[PDB]
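**Student:** Here you go, one structure.
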Amino acid sequence: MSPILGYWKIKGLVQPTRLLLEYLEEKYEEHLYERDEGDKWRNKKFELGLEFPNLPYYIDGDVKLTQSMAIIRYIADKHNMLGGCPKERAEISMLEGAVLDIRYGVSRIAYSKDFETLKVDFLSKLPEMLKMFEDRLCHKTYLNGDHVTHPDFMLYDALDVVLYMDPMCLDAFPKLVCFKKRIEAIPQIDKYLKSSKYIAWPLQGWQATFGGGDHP
Amino acid sequence: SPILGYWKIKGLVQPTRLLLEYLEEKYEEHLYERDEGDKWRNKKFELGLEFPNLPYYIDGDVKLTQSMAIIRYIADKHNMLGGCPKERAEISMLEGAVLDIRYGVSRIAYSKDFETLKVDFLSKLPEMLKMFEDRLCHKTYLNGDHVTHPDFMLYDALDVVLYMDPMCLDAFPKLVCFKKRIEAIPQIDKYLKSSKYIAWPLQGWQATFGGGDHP
Ligand SMILES: O=C(O)[C@H](Cc1ccc(Cl)cc1)Cn1c(-c2ccc(Cl)s2)nc2ccc(-c3ccccc3-c3nnn[nH]3)cc2c1=O
Ligand SMILES: O=C(O)[C@H](Cc1ccc(Cl)cc1)Cn1c(-c2ccc(Cl)s2)nc2ccc(-c3ccccc3-c3nnn[nH]3)cc2c1=O
Ligand SMILES: O=C(O)[C@H](Cc1ccc(Cl)cc1)Cn1c(-c2ccc(Cl)s2)nc2ccc(-c3ccccc3-c3nnn[nH]3)cc2c1=O
């Protein structure tokens, strides 16, 4: 019985997890909730044995999880990708948190009616945040060096989202532009992005001020 | 001796301080005051940090930023993250569910519309609290008989939501008892009555909620 990954039919909180599963060639099935399927979720929400019912959820023959970060880390942990010692695990959690500062920075203003205003403050800080990853990639192919880790897929998703908010945000960051193309050049990722399983849009929920709507 | 650098506020690092106090580990704090933002900007890129930010954690083995990497590093050095992928995922799920509450406060704490956003937040908060109340039905702490780092994160979230509404836990007796139980841990009690405890601010001095020099 393959694992089940449940979420809205958006990129949202789960997109890096989908990319990690595809990179690892892990079989999984999805429960997808469309824009008019809130009732289908409410009817299912307390029938999965989840201790903290929420979207996304991940169910296999061992665990029944919620919290997107617990889920992506669980998949990485099963593949010995979280780090071999406290120092390496901390480096990976620091990369993870620095990516979340960008991704959550988008989300925390995406549902406000006055998104346009708060977007200015976020975009004034975005370059300094991106510069830290540009520098990290100065002598590393991926965020943790020679091999892919789950924060690479988190960073890839963050770049995809911020490029919709500001199509020029990577004009000063050639290593980040190259990094994004490098992730797209991973055979598993390329196959996934060109597949029927890929959800291009929306980025946030359908009613969000930014990253919403049925189409870009 | 580790150095924990942060604003002289509870903020992102308060659960980390509580965990260090619970474990009785020595550490030095480099606290940045209300008018010291310039001093931080001037040194930010000279500390050997890969992702300069507040809080930072400097010890003989690592130079870290991101509050969750720091708290997990301290827990990891004490073998507290979980003994297998299933247990580690349970602990990460507990931490994420606490963060939904703590960050739900931070999301609205800087808005001029905090008073209106507070109504909506306190209306959604009981559903989040109920999951923790049920978790504590047959558990002393969030992961059973022994303390884990999400217990100090939950303690901090409860401390902060009680400043937003002192009666928001009255229908959640297991959460009220949990908060009291954490305060009854001798090393926590000692820390809370010490000169090292920072009671306020919660979000930074200019925040609409959890700001100002005193509560
Ligand atoms: O209330 C919540 O669940 C969140 C509150 C919240 C806002 C900001 C931040 Cl920093 C953290 C939490 C927002 N949210 C989310 C997502 C959050 C993050 C990311 Cl990334 S996505 N996904 C949604 C996904 C779907 C729906 C929804 C489903 C059916 C019909 C309409 C919607 C809808 N109505 N508003 N926008 N879309 C909602 C959310 C959503 O509110
Ligand atoms: O927390 C930090 O800022 C650093 C932590 C740290 C320790 C060791 C290492 Cl290998 C890297 C980072 C220490 N530090 C520094 C440094 C600059 C660059 C390196 Cl490398 S060490 N300069 C300082 C410059 C001035 C001040 C200061 C000046 C006047 C009055 C008070 C202080 C003050 N009140 N609290 N802590 N410092 C402090 C530092 C300092 O702590
Ligand atoms: O830009 C940022 O740093 C954050 C942006 C941000 C807002 C909301 C969310 Cl969901 C996530 C990120 C907010 N913030 C923070 C804290 C965030 C979380 C927690 Cl918990 S605390 N601590 C601060 C601590 C101190 C200061 C500050 C320092 C010197 C003088 C004034 C301030 C100040 N000015 N506004 N309120 N206080 C700022 C922040 C701060 O903005």
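Each value in this text was obtained by applying a stated rule to the coordinates, not by laboratory testing. Because the Cβ atoms are built from the backbone with ideal geometry, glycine has one as well, and the counts that use them run over all protein chains shown.
**Student:** Amide H to amide H, which residues 5 or more places from A:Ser112 or on other chains are under 5 Å from it, using H placed in the peptide plane?
**Tutor:** A:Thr209
**Student:** Under a Cβ-Cβ cut-off of 12 Å, what is the net charge of the residues other than B:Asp100 that fall near it, where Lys and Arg count +1 and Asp and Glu count -1?
**Tutor:** Net charge around B:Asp100: +1.
**Student:** How much FRET efficiency would the formula 1/(1 + (r/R0)^6) give for A:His139 and B:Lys26, where r is the Cβ-Cβ distance and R0 is 51 Å, rounded to 0.05?
**Tutor:** In this case the efficiency is close to 0.90.
**Student:** Please give the residues of the range B:173-215, grouped as numeric ranges, whose backbone N is less than 19 Å from a label point set 7 Å along the Cα-to-Cβ vector of B:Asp113.
**Tutor:** B:207-210
**Student:** What does the average come to when, for each residue of peptide A:5-11, you count the partner chain Cβ atoms lying within 10 Å of its Cβ?
**Tutor:** The per-residue average across the peptide is 0.
**Student:** For chain B, modelled as a Gaussian network with Cα springs under 10 Å, which listed residue fluctuates most, B:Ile101, B:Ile185, B:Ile70?
**Tutor:** Highest fluctuation of the listed residues: B:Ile185.
**Student:** Taking the alpha-carbon distance from A:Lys175 and a cut-off under 17 Å, which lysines remain once sequence neighbours fewer than 8 residues away in the same chain are dropped?
**Tutor:** A:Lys131, A:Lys140
**Student:** Let me know the charge dipole size of the protein assembly as shown about its Cα centre in debye, to the nearest 20, where only the beta-carbon of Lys, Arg (+1) and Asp, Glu (-1) is charged.
**Tutor:** In debye, rounded to 20, the protein assembly as shown gives about 20.
**Student:** Excluding A:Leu82 itself, what net charge comes from residues whose Cβ is under 9 Å from its Cβ, given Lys and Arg +1 and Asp and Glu -1?
**Tutor:** Working: positive: A:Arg73, A:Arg89, B:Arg88; negative: A:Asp77, A:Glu88.
Summing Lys/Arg as +1 and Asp/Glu as -1 gives +1.
**Student:** Farthest toward the dipole's positive end in the range A:145-216, which of A:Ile189, A:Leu176, A:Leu163, given Cβ charges of +1 (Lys, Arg) and -1 (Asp, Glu) about the Cα centre?
**Tutor:** Farthest towards the positive pole: A:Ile189.
**Student:** May I pose another question? Starting from 0.36 nm per residue, how many nanometres of slack lie between A:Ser2 and A:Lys45 once their C-alpha separation is accounted for?
**Tutor:** Details: separation 43, 0.36 × 43 = 15.48 nm, distance 1.99 nm.
Going from the current span to full extension adds 13.5 nm.
**Student:** With a cut-off of 8 Å between alpha carbons and a minimum separation of six or more residues, what is the relative contact order of chain B in percent?
**Tutor:** Value for chain B: 25 percent.
**Student:** On average, how many beta carbons from a partner chain sit within 10 Å of the beta carbon of a residue in B:76-89?
**Tutor:** On the way: counts 7, 3, 1, 1, 0, 3, 1, 0, 2, 11, 7, 1, 5, 14.
Average neighbour count from other chains, rounded to a whole number: 4.
**Student:** To continue, here is another question. Would you mind calculating the relative contact order of the range B:85-191 from Cα pairs under 8 angstrom and at least 6 residues apart, reporting the percent as a whole number? Don't skip to the end; give the middle numbers.
**Tutor:** Values: 60 pairs, mean separation 30.1, N = 107.
This gives 28 percent for the range B:85-191.
**Student:** Using amide H atoms built in the peptide plane, which far-off residues or other-chain residues are under 5 Å from A:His31 H to H?
**Tutor:** Residues meeting the criterion, in which the H sits 1.01 Å from N, are A:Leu5, A:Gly6, A:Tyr7.
**Student:** Let me ask something additional. Using helices alone, I'd like the mean residue ellipticity at 222 nm for chain A: each DSSP H run of four-plus residues gives -39500 (n - 2.57), total over residue count, nearest 500.
**Tutor:** Calculated at 222 nm, the ellipticity per residue is -16000 deg cm²/dmol.
**Student:** Counting only other chains, and only Cβ atoms inside 10 Å, what mean value do you get across the residues of B:51-64?
**Tutor:** Average neighbour count from other chains, rounded to a whole number: 3.
**Student:** Under a Cβ-Cβ cut-off of 12 Å, what is the net charge of the residues other than A:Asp135 that fall near it, where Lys and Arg count +1 and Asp and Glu count -1?
**Tutor:** Charge balance in the 12 Å sphere: +1.
**Student:** How are the alpha carbon pair distances in the range A:29-126 distributed across 5 Å bins from zero to the largest one, expressed in percent?
**Tutor:** Percent of Cα pairs in each bin: 2, 10, 14, 15, 15, 17, 14, 9, 3, 0.
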